[PDB]
2 protein chains.
Amino acid sequence: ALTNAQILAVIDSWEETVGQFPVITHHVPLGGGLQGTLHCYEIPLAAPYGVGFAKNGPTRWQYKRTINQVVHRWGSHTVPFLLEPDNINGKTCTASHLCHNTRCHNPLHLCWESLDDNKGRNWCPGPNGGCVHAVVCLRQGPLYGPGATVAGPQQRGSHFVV
Amino acid sequence: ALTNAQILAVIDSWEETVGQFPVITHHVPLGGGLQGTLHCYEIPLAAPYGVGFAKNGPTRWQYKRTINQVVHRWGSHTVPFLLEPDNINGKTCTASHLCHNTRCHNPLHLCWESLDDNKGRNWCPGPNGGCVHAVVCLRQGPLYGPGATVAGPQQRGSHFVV
DNA sequence: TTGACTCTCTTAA
DNA sequence: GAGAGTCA
DNA sequence: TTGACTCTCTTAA
DNA sequence: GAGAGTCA
Ligand SMILES: [Mn+2]
Ligand SMILES: [Mn+2]
Ligand SMILES: [Zn+2]
Ligand SMILES: [Zn+2]
Ligand SMILES: [Zn+2]
Ligand SMILES: [Zn+2]
């Protein structure tokens, strides 16, 4: 199996290639009416993507390296966490974008957590609006807000109490 | 069926049958350190469930009525909203539990909204913890909290800026 | 060893 | 969160 | 007409 | 949010 040193070499190669990706400025809500700025290192929209990178789905990519004539492949966003536990509380760990920008591969924009924690950041009020995430959000979630509920609770008779 | 009066009669029949379901008291967090009480009308765990009701999945049921010698069937929680639009902003409308208790069919615990709004209620701080839902939550979401993130944003080198 | 494609899968509302 | 089919 | 089962599907992380 | 196959 790959040694820790070999894993670090994979991570170092990933960082060097991704650091050459275009760095794009995005102005984002932070919560409480405050705005901030994030810098995403964005993979190209079409091939070529960069040494070792290939698109396996509309917004899914993989990283590949050959070591001692054996081919190894990882999800493109999982590489910063190859030295971390792969599960927590009986749930699998996922790469999670604090920036909600799939093409972005900035490791300063990624955390390693459960799919429920990952999903939940979509509705978080944000670092300046009341975020309670132990690993703090970088922005207000894209889906925070009043929502668009079509109909609320209602009864025709009087069989029910709340 | 097709007539408003037929639709009203279905809702009246559904309300009468659900009104006989056992009423279960649940003590729930509301946000802000406050606790409250909800009264859920719970479908039985096994057959028989009630006139017109049948189980199609572990926590899935359907309501069925014969009208004009024709069988009409709906998802068991959708019946209160049969007169509402079936989509919103190009998104399908779903029945959404404010009590987060699938077995509960109390119409005072249900709303009609997109699936994103539905899911997002899982993380809401609650009616006394800062809920901004236009149609207000009845309790804090079951997944609100700091989370259990295994690893946060990090870099081995010095190529990236947040 | 490498690139650019192909396919199917998981979870919990 | 959904819809539809097979029996009795 | 009614009941009790069966199977597969949708969406967006 | 994932892993794996094919071909040159
Ligand atoms: Mn995410
Ligand atoms: Mn729900
Ligand atoms: Zn980013
Ligand atoms: Zn947060
Ligand atoms: Zn309820
Ligand atoms: Zn709410």
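Chain identifiers are assigned alphabetically (A, B, ...) following the order of the sequence lines, protein sequences preceding nucleic acid strands; residue numbering begins at 1 within each chain. These numbers come from the heavy atoms of this one structure, side chains and all, not from hydrogens, waters or symmetry mates.
Applying the side-chain hydrogen bond (donor to acceptor under 3.5 Å, both in side chains) rule to A:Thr3 yields the partners A:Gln6; only residues at least two apart in sequence or on another chain are considered.
For C:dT10, the torsion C1'-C2'-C3'-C4' is below zero, which places the sugar in the south, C2'-endo range. Judged by the sign of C1'-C2'-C3'-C4', the sugar at C:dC9 is south, the angle being negative. A negative value of the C1'-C2'-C3'-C4' torsion places the sugar of E:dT8 in the south (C2'-endo) family.
Here the side chain of A:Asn118 pairs a donor or acceptor atom with the backbone of A:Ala95 at under 3.5 angstrom. The main-chain N or O of B:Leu82 is never found under 3.5 Å from a side-chain atom of B:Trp112 such that the two would form a donor-acceptor pair. At distances below 3.5 Å, not a single donor-acceptor pair connects side-chain atoms of A:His72 with backbone N or O atoms of A:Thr66. In this structure, A:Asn106 contributes its side chain and B:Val161 its backbone to a donor-acceptor pair below 3.5 Å. At distances below 3.5 Å, not a single donor-acceptor pair connects side-chain atoms of B:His97 with backbone N or O atoms of B:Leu110. The main-chain N or O of A:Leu30 is never found under 3.5 Å from a side-chain atom of A:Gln140 such that the two would form a donor-acceptor pair.
Residue pairs that meet the salt bridge (charged side-chain N to carboxylate O under 4.0 Å, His left out) test with at least one member in residues 1-16 of chain B, sequence neighbours left out, are A:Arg156-B:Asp12. Legend: salt bridge (charged side-chain N to carboxylate O under 4.0 Å, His left out) pairs involving residues 35-47 of chain B, not counting sequence neighbours, sorted by first then second residue: B:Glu42-B:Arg103. Sorted by first and then second residue, the salt bridge (charged side-chain N to carboxylate O under 4.0 Å, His left out) pairs with a member in residues 112-137 of chain A read A:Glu113-A:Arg121; sequence neighbours excluded.
Rounded to an integer number of Å, the gap from A:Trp74 CH2 to F:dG3 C1' is 14 Å. Taking atom NE2 of residue B:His77 and atom P of nucleotide D:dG3, one finds them 13 Å apart after rounding to whole Å. Here D:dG1 presents its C1' atom at 16 Å from CG of B:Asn101, a figure rounded to the nearest Å. We find that CZ of A:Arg73 is positioned 14 Å from P of C:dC7, with the value rounded to whole Å.
Within residues 51-70 of chain A, no residue has any heavy atom closer than 4.0 Å to DNA chain E. Taken residue by residue, residues 78-100 of chain B places no heavy atom nearer than 4.0 Å to DNA chain E. Residues from residues 1-9 of chain B lying near DNA chain E, meaning a heavy-atom separation below 4.0 Å, are absent. DNA chain F is contacted by no residue of residues 18-27 of chain B, taking any non-hydrogen atom closer than 4.0 Å. Of the residues in residues 108-128 of chain B, those with a non-hydrogen atom less than 4.0 angstrom from any atom of DNA chain E are B:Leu115, B:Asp116, B:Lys119.
For B:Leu2, the CG atom sits in a loose shell: 12 or fewer heavy atoms of surrounding residues, nucleotides or ligands are nearer than 6.0 Å.
For the P atom pair drawn from E:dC9 and C:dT10, the interatomic distance equals 13 Å after rounding to whole Å.
Between B:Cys40 atom SG and B:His26 atom NE2 the span is 4.5 Å, to the nearest 0.5 Å. Here the OG atom belonging to A:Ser96 is positioned 12.5 Å from the NE2 atom belonging to A:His109, to the nearest 0.5 angstrom.
Under the 4.5 Å side-chain heavy-atom criterion for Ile, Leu, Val, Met, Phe, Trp and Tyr, A:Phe53 and A:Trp74 are members of the same hydrophobic cluster. Under the 4.5 Å side-chain heavy-atom criterion for ILVMFWY residues, no single connected hydrophobic cluster contains both B:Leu108 and B:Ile24.
With a 3.5 Å limit on both pairing distances and Watson-Crick or G-U wobble geometry required, the stems of 3 or more pairs in DNA chain C span C:2-9 with F:1-8, C:10-13 with E:10-13.
In this structure, A:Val132 shares a hydrophobic cluster with B:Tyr144, the cluster being traced through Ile, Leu, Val, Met, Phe, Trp and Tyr side chains under 4.5 angstrom apart. Applying the 4.5 Å side-chain rule to ILVMFWY residues, one finds that B:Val135 remains a lone member of its cluster.
Closest approach to the B:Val71 side chain among C:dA13, E:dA4, E:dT2 is made by E:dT2 (side chain taken as heavy atoms from C-beta onward).
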For ring pair (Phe, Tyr, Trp, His ring centres under 6.0 Å), just list the numbers for A:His77 and A:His105, CA-CA rounded to whole Å, side-chain angles, deciding distance to a tenth of an Å, and then say yes or no. CA-CA 6 Å; A:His77 293 107; A:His105 287 68; 3.9 Å; yes
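Taking the six-membered ring for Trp and thresholds of 30 and 60 degrees, B:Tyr41 and A:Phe160 have ring planes more than 60 degrees apart, a perpendicular arrangement.
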